[PDB]
Structures are given as structure tokens and as C-alpha cells.
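Beneath this line is the structure, given in C-alpha cells, with notes to follow.
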Amino acid sequence: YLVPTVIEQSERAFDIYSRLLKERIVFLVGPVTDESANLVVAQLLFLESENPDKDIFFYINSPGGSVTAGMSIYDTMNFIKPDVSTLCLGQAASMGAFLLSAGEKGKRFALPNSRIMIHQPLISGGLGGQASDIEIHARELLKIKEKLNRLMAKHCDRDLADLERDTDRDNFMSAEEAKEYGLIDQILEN
Amino acid sequence: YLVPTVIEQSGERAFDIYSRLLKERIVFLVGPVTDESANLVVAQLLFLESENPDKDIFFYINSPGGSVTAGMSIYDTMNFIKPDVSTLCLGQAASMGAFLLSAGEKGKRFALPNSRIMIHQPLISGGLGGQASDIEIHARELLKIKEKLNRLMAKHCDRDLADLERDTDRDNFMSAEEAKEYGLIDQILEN
Amino acid sequence: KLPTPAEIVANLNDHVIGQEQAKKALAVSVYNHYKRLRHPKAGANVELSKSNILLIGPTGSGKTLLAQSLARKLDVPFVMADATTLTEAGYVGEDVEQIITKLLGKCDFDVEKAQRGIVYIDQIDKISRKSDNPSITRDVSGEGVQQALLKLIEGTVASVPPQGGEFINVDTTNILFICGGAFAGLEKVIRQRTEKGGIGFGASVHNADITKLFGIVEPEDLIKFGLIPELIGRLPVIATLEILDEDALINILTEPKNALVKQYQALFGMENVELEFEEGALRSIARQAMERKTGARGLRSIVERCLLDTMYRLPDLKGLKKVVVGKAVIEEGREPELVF
Amino acid sequence: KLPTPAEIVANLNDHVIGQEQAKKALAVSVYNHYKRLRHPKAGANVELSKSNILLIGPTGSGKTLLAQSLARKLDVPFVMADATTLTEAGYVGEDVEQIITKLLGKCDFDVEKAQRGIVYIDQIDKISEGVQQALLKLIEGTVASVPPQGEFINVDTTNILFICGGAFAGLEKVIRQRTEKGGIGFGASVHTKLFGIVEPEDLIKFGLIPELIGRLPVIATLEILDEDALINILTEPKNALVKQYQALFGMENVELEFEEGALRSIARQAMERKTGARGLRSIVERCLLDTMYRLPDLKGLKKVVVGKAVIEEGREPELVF
Amino acid sequence: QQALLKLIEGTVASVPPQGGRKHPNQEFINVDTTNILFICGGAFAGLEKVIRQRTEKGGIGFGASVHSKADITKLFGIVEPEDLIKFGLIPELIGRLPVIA
Ligand SMILES: Nc1ncnc2c1ncn2[C@@H]1O[C@H](COP(=O)(O)OP(=O)(O)OP(=O)(O)O)[C@@H](O)[C@H]1O
Ligand SMILES: Nc1ncnc2c1ncn2[C@@H]1O[C@H](COP(=O)(O)OP(=O)(O)O)[C@@H](O)[C@H]1O
Ligand SMILES: [Mg+2]
């Protein structure tokens, strides 16, 4: 894709995403990979240094992705001093919904027709080799499953038992249902 | 991916965001460890030593592993250069990623609270085809690498070689707390 | 005899609230200067430089009060000059010799006393150097005044009109100069020298704390502001004034002889209405004034806008005897409790 | 008469400590300059030109003190100028010969004394071009006119000795780029001696115009003051800080004394600020403000002992009565 | 360069009396620069390249004529106004400097 170039008056020419980063807007678009997550981490670290007090706006339009990649974003969001506000555009599914709920409490938003989906993790990696190797990877996946449900329950002010029920299979929610659930705080209109 | 451009105030200088973070001695190892990705880390470590041999270098690791020889080029560069190389685990440090994480300066090895650290014996460092004489040679070389890695890991962790031989037999996944208790990292960052 | 630093500061506390380090610095420097003059055995190789004083601080911090209190106590030829009136000798305005003339007039033109007096110069940050001029014929009000002032601060002899309408030669080797001003660009100069910051997890990241910034001023920072280096080198003592905190602002609000509270109580004493402030009201007034960043001057604005809806009605309200200003009147849009 | 290059260093050691190479270089250049000014400047003789000096050294190393000590010794007037006080735009001419007005004012506007004086230019490296061109046109022989002492006055600066100086921070790497094997290599030179082998191409690469290097033939280097020299500076010089404050306490009946550890610690504190002996005065005044305010109140006091704990910790000087 | 055109050739300049800048509110003296000889000088560094471009144009191609390819001294000795114009001097100034040494 051709990323448009915009001019900032101060003149400085930016691509439109660097221009929005100047306004403390970080985009997570598409699958969460090592490379896309590290760009988010790099932007979060950079924005904290520019101003540790001003809010960072984390715009999420993602179907999910790697858990470890999403956890690098998650720990960076919680570590850095400035509040990270999260906004759901289009969809926040799987780790995208996790990072959406991971925003600062009171500053988690979704657009009115966005779709938010939460579910237990799939394969974090293949389970081949010997039964001893498969047992190890199964145990690690169960630990990740419990860790995700526990952190989700903390984000949503719900019991761990509620998240274990609701993440068993793909749980699709409107913006209103996610607000009632505890994934987001407000729904934006204008 | 489109790498964002940021402006440094000094006049102004436009950086991509990774060159901007390198300006403050942050080196990223993201994804698999290859000859090319490891040599970029080595080039950055060498460059940062020249800029300031006394200031710490921050080595951010989010890697599932990779080549042993490639990781050893980073490892020897970390130990050679004068400035301390602090290591931080983001997301995951597995295989050679966990090795390079434990290779950080003692007291300055960090991990984020939900990071995952995995240590294990090496797999194929290369195929074992050809004749039985060739296969014997490559098997012996892999065993020497296996012992070298366990020995260096045991040194990093202040543990016995026998402990690392047990624990690296199969994929050993550890939380940040378990890696701190093991000796792979020194501290867990929160805020 | 010679009032000692303990005596000097003990009487500066009667007029200046807070700024303890500056009162100590001024008292020690003045006592050392006068003792040094009384015992000129320092004619030996030791070149004890004339310990002039530079008095930097925010607006409303008490520079002009420290000067006046130091003046009226020391019982010495003391003049208060304003660099806003100073000009180059060959142009309209007051040349730097008018200050020596005022110093003589303050001592009945007995030059023996004037040559051992003090010269206070306010707003010295207003004659700083600047680039070549818009308003270009000569930068008269700027560097020219600095050089003519430097020629006085260092040991020289000035020629001034007689006592009546025959010029008097006045040697300023032993005249102490105390310069002051609110250097508004100094915090940016210092914040460029430092405030490096950093990025990353293991790096420290971070309104300007002009208090600690002024507390770490260096001569080169003042050179960048526009002062000539030879003048700063002649001003070795640098007294810094902190921003008045809530407690100091409260004391200023109530304790001094001409405090705002007493001023308005007497302003209502022209009527027959008693004015009473609550402790929380004084606390909130001090907080709001500190938030305005104008020093003790931002205290009058608060007390004036909180009593505006009352002074407008006092002559119309009959039977009123007391008015009580509470914390709600200051923090909220409330009316003081009227007691009829 | 005129002081020989050896007598100049002899008297200059009493005021400045260290930098012996720069001391002898200044002594030779100044002696030769004021011997040239004694030549039969007429007839079929050789028209003699001056040799200026470039003092390269850290901040607080004593460059200005060296120049002022030379001036006090040779009875000539002296004024320090700052290349940082000269702006790129504007009339760089009108303010470059204002230094001449300053030098004239320092000698009763007698051109006979000012034309054979000394001028030190601070921060010669901070202008790394219009300022450089004006300093060059002025360092070379030129007749400048300034306002009167109250008609204009003329000054020919050909016989004025110019001692430029500054802390060339990034000059050592400019030198190492050509003197060493490599900078970023594994085994490749990772990091005043190299200042001593400085060559014109290094100063030009630093950004000094070549014509300015051509009129500064003498290059002298000053070494950073170590923790030892900063102690001598506190005690040995004619105007030592210890001597000044001992006189302050001595006009009263109190004898001021310092502990050797106090001098060493206060010298280390000054060295940690990257300012040399410039910071010594502030820390000494901070340390002695403990008593300079109380001493007026104290009665029966005979001596004060300043220990290392006063300089390092929040300790009060020991008051023995 | 434009301000020097009228000054180099004959004109009546208005100069300040050794005291200040060239202002409207300024006393002046009339000086005729008609008979005042002007000697301009400078180290035209990139002039050798311009002279070499003009004297060794040549050309590219199988059908083009390739010209032979003399240091600063030799090239300066054959300098022409065309080279000084390509260097940055306006022709109005070069015409007022007929002698080129
Ligand atoms: N430290 C203080 N103690 C008591 N009163 C103070 C103090 N500082 C300011 N004030 C009050 O502020 C009024 C004026 O302050 P002052 O003129 O001393 O400020 P300043 O430093 O001269 O300000 P500027 O720098 O703008 O001239 C005084 O009438 C006094 O009541
Ligand atoms: N070598 C030295 N010997 C004695 N005093 C020194 C020396 N170097 C610096 N100082 C002291 O430092 C103060 C300022 O030094 P300065 O002349 O500014 O050094 P520089 O010119 O190298 O910056 C002076 O008061 C001087 O007493
Ligand atoms: Mg004032």
C-alpha cells in the first residue's frame, strides 16, 4: 500500500502514521507478530520518553496473534508511566481483545459497531515429537490458558470461573456486551 | 512493516524509531537468530562501545531461538566489549534467546512479568546426512556444542553442570519468577 | 558598631518571610565587606575580591524587600537604582553616574561615606545583550549600560555634580553593589544545559522546577542570558530566592504589618463591618496564589476576586456587622456568610 | 628591563600550577614579541611580525589565568574577549573592535600602551565563520577607530599580542581518526598527549578557517588538573582560597585550619564537576558558611578545624575554644 | 553584487561620518567614486571545474566526439567571463571588472 504523506506546520513531511504517532496514537493493525508487537513496544517506549504524563492512545484492529508477542505489548503497557488508552476499531479478537481489556481502567473504548471476541488460546506452537514432549507443550499451553483467563478476569472485575466458562469457545460480543462484560469502559459515538 | 519516523530535538534529526532507540543504547533482538540478525546486533554492540565504552547497553530480547553460531557471535561480542550489556526479556527468550538473556551482565538481567523463558538442549545444528563417518562427526560436534551450552548456562546461573544437563533435556518453560529462582535473570520489572 | 549577620537576618525576618538562605548570604557578605574595609590588612597578597551580590529570583519573591530592609537597618549610604531608567552617557536618560550622585545626596554629599555605601540595582536582567537591532541606531539601553555599570562596580573614580547647583571625585572601590532581577529566560538556559532525560526501561524519564534550577545556576548560564562575562565575574555571591510555599504565603497573608488581611479589614473598617477569614480560607488562598506563578502578588488577586461580590454590596447592606470568608468562598463560587 | 623566558616562567609558577609546556611556550612567544617591539622599526631594517598562541586545554585549566599572569608580569594591559559574545549576523566589525575600547579603557585610553598589550579570546572553538573572519582581520594588522574617552581615537592592532584559547572537546577524536588503527573495531583503540601532536589539518577539520590557523603558529596544550594539583591550588598560590579565608578569619581572633583529607575531598568534588579549579571557590564557601555566620555569635573561639566530614557530610567544623 | 555595481562604476555615494550605520536619519557626505580604482580578489575554488567543463565538454555515445582531458594555474590562465558567470558572478559585475589577473 502507498502510505500518504502529510505536512505538519511548525514544515515537516510525515507519512500519515508517523504524523499520528506525533499525536501519541499507536496502531495495532492485523495479526500480532514478533515484528508488529515490537513496533508497538518501540512506540510505547518512545512516547513515554517524549512525555511520561500524557496519555497514549492505542488503536486496535486485530484478529489476534501470538501470545508471547501480545505479552510484550501487555507488559510494556503496564510498565510505562503514561496511561495507555485503548480503542477497538473494527475488531479486537483473541490477544487483540486481551490488549483492549488491558488498557487503563476507565479509558478502554470501542466504536459502536466494533466486534470483540474472547476465547481460550489455540496452539502456541506445534505438539509433535514424543509423548514426553507433547506432555510438556500441553502443560505450557494450560499454564498460558490459566494466565490469560486470570489476567482477563482481573481486567473485567469478574471471577476466574466466569472467564473460564466464557472463553471456552469463541465468545463474540458487541460493544455494548463488552462494556457490560467489563472488557471496555465506554462506547464512543461522537 | 512500516517503521515509524520520529523527530529528535537537538535543529532536528529524523530517525526511524529503531535508530532513535539505538541512539539511547537500546539494541533489539526480535525473531529468530540468524547470521544477518546476529551480525546487526554485533554491529550495534560494537558501535555503542565506541560511542561510550562506560555506559550500559540495553539488549532487548524477544526471540524463539535460532542458530547457535549466530547466537555465539552476539555472546562473544557481549562479553568482549567494555560496557555492561543489560538484557531484558520481552514476550519470550527461548533456546539461544534464553542463552543470550542469561548472558547479560550479572545483576542486570531482567524480564517482564508475563514473559516466557525456555531452555533446552540444541537440536540439529545442521543436517546429518552422508556416510556413517560423516554422521559420527556431526553427532560429535553437536554433543560438544550441547556440553558447551550447558557449561556456559551453568556458569551464568551459578548452578552445577549436572543441574543444567537435567533441566535442558527437554523443553523447560519458566515464568519470570522461575527463571529468577533458577538463575537466568536477576530481577523482574513491574514499573 | 557593625551589626553582625545574626543581627542582620534577625531583623530581615521582620519584613521578609522565607528566603532564609538568601538572608544568610546577604548578611554574611555585607558583614565581610564592612569588616574587610575596617581591617585593610588584606593589602597583603591575598586579593579578597569585592564580594558583590547578585539577587536572582521569581517575581514577588522579595528581592526589593530584602534590599530595602538591608538598607534601613545597615544605616549606610544606600541607593535603589532601576536599570530600566539607565542609558548610555551620550543619550537621553539617566547615566550610571546619577547613581553615585544619589549616593552622595543620601549622605549630605560627604564623599567619605558615599565611597563606602551600597548600591542596589533592580531589573538588571533588563539590560542584557541582544542581537543587532531592530530599533537600530545603537543598542543604548542594553550592553552600553552594562559596560558603564561594570566600570563602576570595579574600582574607579566617578565625577559628579557638586552639592549645590566643581565636580566631586568619588572612588567606588569600596562601594558594594547588589544587583537583582527576575531572569525569565534563565530556567530555559539551565534546562538546556541539563534535563537530558533518557529512553528505555532502565532509564529515568521526565512545569519547570525553577526552584532547583535557580539553585544550580552557573556563570555561563547568565552569560547566555545576555550578561557580559566580566560583570558576572565581579558578582561572585549569587543569592537565590525560592518560590513562596503555602506556609510562607499564609504568613505573608496574615503576619506582616501591612498584610492583605489587615488591609481589607481596614478597608471594611471604613464601614462598620468585621472581616474574618478561616484557616482553610487562608490555606486555599495561598494555594491558588502559588498556582498563578506570580508570587505574593497573586495573593491580592485572589482576595480581590473572592470579595468582589461583597464589596459591591457592603454600602447597600444595612445592619451588617460581620462577614466570614470560609474555604468554600475561595475554592467554590460561594458567598461569604453575612452576619447581621 | 625585560624578563627573560626563564624569569617569566619563574614568576608565573607562583600563580599557575602545572602546564609547564604551555608556560614555556607562552614565555618564549611573549619575550620574542616584546623584543620585536624593541627593534629599530624604521629604515632598511626587517619589518618584524608577531607570533600568536593557541591555548588548547580543558575548562578551568588556567588559560585565562596564564594570560593575565603574563600581563601582570610585563606591565602591559590585558582584556579577555569571548568569541561566544560575537554574533554571526549583524555588524561583526562594530563589536569586534569594541574589545579595543575595553583595552583602551584599561590603560587610560593611551594608545601607546594598548597597541602593545595582550588580548585573550575565550571559546575560540565555539565559533567553528563571520566571527572567525573578523577575529582574523583584527589579529592581523589593522587600524580600528572607537569613540572617545568622554572626535574618535585610532588604534593599530599590529603590535597587540593575541592569545586565543578554548576547550576543543571533539578535537581528540579528529586526531585519533588519523593517528590510530580504528575506532569501532574489536581490537581497535576503544576509549593531552594527542593534543600535543595536533596538526593544522586537525584544527581545520574541527572547523577553524585555515587563515586563522595561519596567524596562530604557536600551539600550546594544557593538561587537565588532577586531584593533586587542585590541592596545591587551594594552598600554594599567592591568592589561594585557603589563604583568602584564613585572612577573613584572621582579621578576627580565630585561626582557620583545614585537614589534609578535607583538601583532598574538596579537590575530588571539584574534579567531579568537569570544571577544574573553577568550582573550588563555591564548595569552599559552602563549607565555610557553616562558621562565617556563627563566628559572629561565637565568643571565646580561638581556632576552627575543617575536617573531611564537613566537605563530604553535613558535619559542622569543630569549634575548639 | 548588485549593490557594488553602482559603487564600482561612477556614482555619488552617501557615507556616514565614521560614526554609525547607513540610516535614513543620518548625516551624510557625498563622495564621487568615478575615479576610484577597485581591485577585486578572491579564491574561486570551484572555478577550475567550470573551466574544465567548458574546455573539455566532449560528449557521450558511439557517434559523439570525445574530447581530450592542466591544474588550477593552467585553467585560471585562460579564464573567461562565461566561467565566472557559471560560477555565480552576475555579468553586470564582470563587465565592470575588465582586467582579470
Ligand atoms: N518574602 C516576602 N516576605 C514578605 N512579603 C513579600 C515577600 N515577597 C513578596 N512580598 C510582598 O510582595 C510585595 C512586593 O514584592 P517585591 O516588590 O519585593 O517583589 P520583587 O522581587 O520586587 O518582584 P519583581 O522582581 O517583579 O520586581 C510586597 O509588598 C510584599 O508585601
Ligand atoms: N593551573 C591553575 N593554577 C591556579 N589556579 C587555577 C589554575 N587553573 C584554574 N585556576 C583557577 O580557576 C579559576 C578560573 O580559571 P580560568 O582562568 O577560567 O581557567 P580557563 O581559562 O582554563 O577556563 C581562577 O580563579 C583560577 O584561580
Ligand atoms: Mg523589584
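Identifiers in the C-alpha cells: chain A, B, ... in order shown; residue index from 1 per chain; ligand index from 1 in order shown.
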Practice task
List all protein, DNA and RNA residues that have any atom at most 7 Å from ligand 1, counting only C-alpha atoms and all ligand atoms, and write the list as a PyMOL selection string.
Solution key: chain C and resi 15-19+57-65+181-182+252+259+295-297
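The list of chain D residues within 12 Å of chain E is residues 90, 91, 93, 94, 144, 145, 146, 147, 148, 151, 152, 153 and 154 of chain D; this uses only C-alpha atoms.
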File of the preceding selection, C-alpha atoms, as a compact mmCIF listing (two decimals), in the first residue's frame:
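The file below, again-v7.txt, is the result:
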```
# COMPACT_ATOMS: atom_id res chain seq x y z
CA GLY D 90 24.94 41.92 12.18
CA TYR D 91 27.95 44.21 12.38
CA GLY D 93 33.03 44.57 12.76
CA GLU D 94 31.42 47.10 15.08
CA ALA D 144 40.45 50.49 14.11
CA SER D 145 38.55 53.55 15.34
CA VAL D 146 36.49 53.73 18.54
CA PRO D 147 34.56 56.51 20.36
CA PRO D 148 36.50 58.91 22.60
CA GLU D 151 36.36 63.15 17.94
CA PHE D 152 37.36 59.49 17.60
CA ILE D 153 40.50 57.58 18.55
CA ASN D 154 42.64 55.35 16.31
```
Exercise for the section: Produce as a PyMOL selection string the set of residues near ligand 2, where near means within 10 Å with only C-alpha atoms and all ligand atoms considered. Expected result: (chain C and resi 233) or (chain D and resi 12-20+55-68+80+120-123+165-167+222-225+229-241+275-281)
Exercise for the section: Write out as an MDAnalysis selection string every residue belonging to chain C that has an atom at most 9 Å from any atom of chain A, counting only C-alpha atoms. Expected result: chainID C and resid 197:201 204:206
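Omitting residue 23 of chain A and its sequence neighbours fewer than 6 positions away, and counting only C-alpha atoms, the residues within 12 Å are residues 8, 16, 17, 43, 47, 50, 51, 54, 55, 56, 57 and 58 of chain A; 6 of chain B.
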Would you please extract all strand (DSSP E or B) residues from segment 3-120 of chain D, as assigned by DSSP on the backbone, and give them as a PDB file with N, CA and C atoms, in the first residue's frame?
```pdb
ATOM      1  N   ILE D  53      49.520  32.769  19.958  1.00  0.00           N
ATOM      2  CA  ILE D  53      49.497  31.488  20.654  1.00  0.00           C
ATOM      3  C   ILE D  53      48.064  30.976  20.692  1.00  0.00           C
ATOM      4  N   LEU D  54      47.908  29.661  20.546  1.00  0.00           N
ATOM      5  CA  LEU D  54      46.617  28.988  20.657  1.00  0.00           C
ATOM      6  C   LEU D  54      46.687  28.024  21.833  1.00  0.00           C
ATOM      7  N   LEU D  55      45.943  28.326  22.895  1.00  0.00           N
ATOM      8  CA  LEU D  55      45.948  27.516  24.110  1.00  0.00           C
ATOM      9  C   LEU D  55      44.800  26.514  24.047  1.00  0.00           C
ATOM     10  N   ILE D  56      45.135  25.237  23.891  1.00  0.00           N
ATOM     11  CA  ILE D  56      44.152  24.161  23.873  1.00  0.00           C
ATOM     12  C   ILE D  56      44.206  23.453  25.218  1.00  0.00           C
ATOM     13  N   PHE D  78      45.607  44.142  29.661  1.00  0.00           N
ATOM     14  CA  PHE D  78      45.048  42.860  29.260  1.00  0.00           C
ATOM     15  C   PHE D  78      43.538  42.879  29.426  1.00  0.00           C
ATOM     16  N   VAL D  79      42.841  42.363  28.417  1.00  0.00           N
ATOM     17  CA  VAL D  79      41.393  42.202  28.449  1.00  0.00           C
ATOM     18  C   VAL D  79      41.054  40.853  27.834  1.00  0.00           C
ATOM     19  N   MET D  80      40.127  40.135  28.459  1.00  0.00           N
ATOM     20  CA  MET D  80      39.675  38.860  27.925  1.00  0.00           C
ATOM     21  C   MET D  80      38.440  39.081  27.061  1.00  0.00           C
ATOM     22  N   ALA D  81      38.460  38.517  25.862  1.00  0.00           N
ATOM     23  CA  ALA D  81      37.328  38.551  24.954  1.00  0.00           C
ATOM     24  C   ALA D  81      36.741  37.154  24.825  1.00  0.00           C
ATOM     25  N   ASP D  82      35.494  37.093  24.369  1.00  0.00           N
ATOM     26  CA  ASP D  82      34.785  35.830  24.221  1.00  0.00           C
ATOM     27  C   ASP D  82      34.220  35.751  22.813  1.00  0.00           C
ATOM     28  N   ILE D 118      48.011  42.791  25.472  1.00  0.00           N
ATOM     29  CA  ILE D 118      47.667  41.389  25.271  1.00  0.00           C
ATOM     30  C   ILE D 118      46.151  41.257  25.297  1.00  0.00           C
ATOM     31  N   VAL D 119      45.622  40.374  24.453  1.00  0.00           N
ATOM     32  CA  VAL D 119      44.188  40.119  24.364  1.00  0.00           C
ATOM     33  C   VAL D 119      43.973  38.613  24.356  1.00  0.00           C
ATOM     34  N   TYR D 120      43.191  38.118  25.311  1.00  0.00           N
ATOM     35  CA  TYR D 120      42.809  36.714  25.361  1.00  0.00           C
ATOM     36  C   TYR D 120      41.388  36.564  24.833  1.00  0.00           C
TER      37      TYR D 120
END
```
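Set the cut-off at 8 Å, count only C-alpha atoms, and the residues of chain B near chain A turn out to be residues 1, 3, 4, 5, 6, 17, 18, 21, 30, 31, 62, 90, 91, 92, 112, 113, 114, 115, 116, 170, 171, 173, 189, 190 and 191 of chain B.
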Would you save the residues of that selection, restricted to N, CA and C atoms, as a compact mmCIF listing (two decimals), in the first residue's frame?
```txt
# COMPACT_ATOMS: atom_id res chain seq x y z
N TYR B 1 6.61 -4.32 7.09
CA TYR B 1 6.04 -3.36 8.03
C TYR B 1 6.58 -1.96 7.79
N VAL B 3 8.01 1.17 9.41
CA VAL B 3 8.67 1.58 10.64
C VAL B 3 8.45 3.09 10.80
N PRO B 4 7.84 3.53 11.90
CA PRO B 4 7.53 4.96 12.05
C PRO B 4 8.78 5.81 12.12
N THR B 5 8.63 7.07 11.72
CA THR B 5 9.70 8.06 11.79
C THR B 5 9.42 9.01 12.94
N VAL B 6 10.45 9.28 13.74
CA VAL B 6 10.34 10.17 14.88
C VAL B 6 11.40 11.26 14.75
N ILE B 17 12.19 4.69 14.13
CA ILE B 17 12.08 4.54 15.57
C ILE B 17 13.13 3.59 16.15
N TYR B 18 13.68 2.68 15.34
CA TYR B 18 14.71 1.79 15.88
C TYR B 18 16.07 2.47 15.94
N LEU B 21 15.96 4.57 19.03
CA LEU B 21 16.21 3.83 20.26
C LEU B 21 17.67 3.39 20.36
N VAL B 30 14.87 -9.42 17.80
CA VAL B 30 13.47 -9.80 17.63
C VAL B 30 13.39 -10.89 16.57
N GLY B 31 12.72 -11.98 16.91
CA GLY B 31 12.56 -13.09 15.99
C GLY B 31 13.75 -14.02 16.03
N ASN B 62 13.37 -10.62 22.29
CA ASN B 62 12.07 -11.25 22.04
C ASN B 62 12.31 -12.25 20.91
N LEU B 90 11.43 -9.66 26.69
CA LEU B 90 10.10 -9.20 26.31
C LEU B 90 9.39 -10.33 25.57
N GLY B 91 8.20 -10.68 26.02
CA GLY B 91 7.48 -11.76 25.38
C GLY B 91 8.10 -13.11 25.65
N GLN B 92 9.22 -13.41 24.98
CA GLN B 92 9.86 -14.70 25.20
C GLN B 92 11.35 -14.63 24.92
N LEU B 112 10.22 -9.13 31.91
CA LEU B 112 8.92 -8.56 32.19
C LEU B 112 8.03 -9.61 32.84
N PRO B 113 7.01 -9.18 33.61
CA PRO B 113 6.31 -10.12 34.50
C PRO B 113 5.65 -11.30 33.80
N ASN B 114 5.17 -11.13 32.57
CA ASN B 114 4.46 -12.20 31.88
C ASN B 114 5.29 -12.79 30.74
N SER B 115 6.60 -12.56 30.75
CA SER B 115 7.47 -13.14 29.75
C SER B 115 7.64 -14.64 29.99
N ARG B 116 8.03 -15.34 28.93
CA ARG B 116 8.23 -16.78 28.98
C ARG B 116 9.66 -17.10 28.57
N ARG B 170 14.67 -31.74 28.00
CA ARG B 170 13.51 -31.41 27.19
C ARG B 170 13.13 -29.97 27.46
N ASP B 171 12.27 -29.42 26.60
CA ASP B 171 11.89 -28.02 26.67
C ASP B 171 11.42 -27.65 28.07
N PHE B 173 10.08 -24.80 30.19
CA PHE B 173 9.44 -23.49 30.20
C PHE B 173 9.40 -22.93 31.61
N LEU B 189 10.90 -6.74 36.26
CA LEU B 189 10.44 -5.36 36.24
C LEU B 189 8.92 -5.31 36.32
N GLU B 190 8.41 -4.31 37.03
CA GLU B 190 6.98 -4.04 37.05
C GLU B 190 6.66 -2.61 36.64
N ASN B 191 7.27 -1.63 37.28
CA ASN B 191 7.08 -0.23 36.93
C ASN B 191 8.36 0.56 37.18
```
